[PDB]
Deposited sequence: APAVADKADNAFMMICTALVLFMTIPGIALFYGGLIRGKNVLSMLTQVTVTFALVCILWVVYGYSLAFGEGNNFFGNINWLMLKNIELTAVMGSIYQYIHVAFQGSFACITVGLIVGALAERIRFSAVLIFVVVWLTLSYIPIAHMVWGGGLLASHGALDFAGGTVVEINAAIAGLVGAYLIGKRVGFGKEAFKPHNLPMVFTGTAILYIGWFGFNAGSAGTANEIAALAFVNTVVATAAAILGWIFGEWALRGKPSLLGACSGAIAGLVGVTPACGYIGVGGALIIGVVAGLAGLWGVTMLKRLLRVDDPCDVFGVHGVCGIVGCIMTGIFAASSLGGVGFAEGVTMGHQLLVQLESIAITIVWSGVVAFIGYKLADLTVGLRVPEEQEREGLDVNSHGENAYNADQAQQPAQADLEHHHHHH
């Protein structure tokens, strides 16, 4: 039977700490500098409390339902409170307990992205309800379908670190929220910087081992972020006449988001191109509305879609990628990327709508 490799154990535990750093305090500081001063304390409280909530639901049943073996949509309830997972149980080349924590840290950042933007306008009790509904019915199934051997994985979707699971998923949940409904830029810069650094655990850690794919994801992350910063800044200089700090940080997030599904499958040349496109598409995105912290979902959504589509192109050996699976044309992969994006957008939207309506019918959505 498979034995744990201590180097992979070490790597994956440090990567988990880096992903947790993205939420606490990464995303909290990012939104903290963006939202209105009088709402900062409240938002920091909601992000901290929902984070704690996600950590507990993850261990109680989330992990079991996302990663246990079940059907194409969800796992099982055989790993409740991690029951039946022996301490020395190995998953891949690391102890399963580490896989539990690494995966749980992705659920946290996903929920943090949503809560940080909406804390201002939503009642505390309504946010708790929403998180419970959406994590359970959207994050878990999509995580299972993509990384838990479910529907999307079974059709060969390529999503290295979560362009669908995390990015498009949360962007849609947030946009539905915004539909129903910067004071400190150094703070926004600091949150962006923390997100950037934690994103190396997020992207490289997604290899599940300290190998050449982790190395490739690492370098592609550095390259796409940089290329997206320049793309965004160039567009801003051309449209607005000068760059801005918010543009620079926005560009960084755009490349980070765009390279997320593609990092472990593409060559550096592809990372540079995905980065430039993500930086400009992000700028075009926010520009098309038509502001407030909800434009953040525009960037995550647009760049996530762009990243997911471009993964179906740049993964090709001919463009320096690791190569598509045997017997898979680029045309075929593209079609699977589009289908995965479509399923994600609709699954997340429906569940989000149900979550917001349930909260509204129970405690009232809008803050008192």
What are the C-alpha gaps when you align the coordinates back onto the deposited sequence?
1, 183-194, 304-308, 387-424
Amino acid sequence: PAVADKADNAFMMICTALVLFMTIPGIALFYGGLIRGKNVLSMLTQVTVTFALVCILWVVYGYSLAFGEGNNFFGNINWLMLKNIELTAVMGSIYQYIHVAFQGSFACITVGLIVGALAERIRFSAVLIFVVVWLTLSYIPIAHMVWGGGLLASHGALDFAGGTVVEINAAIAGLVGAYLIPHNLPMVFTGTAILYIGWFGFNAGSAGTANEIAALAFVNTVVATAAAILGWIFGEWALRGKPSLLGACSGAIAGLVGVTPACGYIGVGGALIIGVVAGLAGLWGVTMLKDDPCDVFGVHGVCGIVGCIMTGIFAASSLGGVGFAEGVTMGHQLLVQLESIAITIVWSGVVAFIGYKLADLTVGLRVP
From here on, numbers count along this sequence of modelled residues.
Once you work out the mean C-alpha B-factor for both 268-276 and 292-300 from the entry, which is higher?
292-300
Lowest, middle or highest third: which one holds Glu236 when the chain's residues are ordered by CA B-factor from the entry?
lowest
CA B-factor ranking of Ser138, expressed as a third of its chain:
lowest
Within-chain third of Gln103 by Cα B-factor, per the entry
highest
Tertile call for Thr164 (CA temperature factor, within chain, third-based) is the middle
Taking the entry's C-alpha B-factors for this chain, is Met310 in the lowest, middle or highest third?
highest
